[PDB]
Structures are given as structure tokens and as C-alpha cells.
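Student: Can you read through this structure? Questions will come right after.
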Protein chains: 2
Amino acid sequence: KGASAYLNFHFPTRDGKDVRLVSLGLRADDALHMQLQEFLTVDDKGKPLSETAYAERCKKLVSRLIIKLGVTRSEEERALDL
Amino acid sequence: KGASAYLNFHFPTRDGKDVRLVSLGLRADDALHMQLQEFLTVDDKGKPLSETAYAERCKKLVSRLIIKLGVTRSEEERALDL
């Protein structure tokens, strides 16, 4: 029951449209998520952002993202040295 | 059993470190994921990337990301008009 907000990461595709790479559900119990939600909705005066200010802030987020490729351990490597 | 690759999105935090916002598991059955994996590992000659080339490509990804905030429908709104 009820709705929630999502942070979606889109990337341009060869057909000139885009594709949604990953989605992040912003849980109300997560102070990071709510800081993100507030940042992308409200202008630190209560006032909902103009689409311009929203698009600017989305861009500003992007500009500070860091992308890292990570490989997890295999079960063989993670097994306890027993 | 076995390992897998992940695409991690980090963001800088007020303590001057960072936090991992979202992680994307790159499934071997997903041609998008494998195109991403190849892009971040290999230099279209077979040759594994230098850390420099890797960091450059990570940045290039970031530069073309589009972030959108999306709200899903509540159960009340999504209910069938029955």
C-alpha cells in the first residue's frame, strides 16, 4: 500500500533515446535518501523547485558522482579457512 | 557459487570521504551489462585498461548519465477501475 520516490540513472542509447541503467528506491527511513529527495524537490525555502532548478541540481549530482567497477569474491575465495 | 562484477555509484560526503549510493550487479545474460563491463575493463584490443584509461572511461560514463527523480503510483491510484 502507498507510493515511494525513486532515483533513476539513465544513459543515452544508440537509437538516440535512453535506457534506465539502475533505479534507487528512496526509503523514508534513510536520511541519505531523504536528503536526496529534498535536494531534488525543494529549494531550501519550502518552495518546490522550478524544472530549471531541478534539472540544474540533477546535473550537479551527476557532476560529483564517482563510478567504480567492483568484483565480488567467489564462494571459493570467501570460504572460511577451515 | 562464483563471483560477479558490480557497477557502484559513489558520492562525496561531508566528512570528506564518500558513500556508495547504489550498486548495479552486471548479469552475464544482459548485453547492456556486458557492454558496460567490457567498456570498463578492456581497450578494444583485448588489452586490459590502464588505471588511467579506466578512470577516464568512468568519468566519461558519469558525463553522460542523466538522473531523474521518479514517484511510483500508490496502490490507490494503480487499482483497476473495477
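Quick note on naming: the chains in the C-alpha cells go A, B, ... in the order shown, residues restart at 1 in each chain, and ligands are numbered from 1 in order of appearance.
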Please find the residues of chain A near chain B - the criterion being any atom within 9 Å, counting only C-alpha atoms - and write them as a ChimeraX atom specification.
Tutor: /A:1-12,21-24,32-33,37,40-41,55,58-59,61-77
Student: Could you write out, as a PyMOL selection string, all the residues of chain B that DSSP marks as helix (DSSP H, G or I)?
Tutor: chain B and resi 31-39+51-64+75-78
Student: Per DSSP on the backbone, what are the strand (DSSP E) residues of segment 26-82 of chain A, as an MDAnalysis selection string?
Tutor: chainID A and resid 26 66:71
Student: Find the distance between atom CA of residue 44 of chain B and atom CA of residue 56 of chain B and write it in Å to one decimal.
Tutor: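 Computed distance, atom CA of residue 44 of chain B to atom CA of residue 56 of chain B, equals 14.9 Å.
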Student: Mind pulling up the distance from atom CA of residue 14 of chain A to atom CA of residue 31 of chain B?
Tutor: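 Pair atom CA of residue 31 of chain B / atom CA of residue 14 of chain A returns 13.5 Å.
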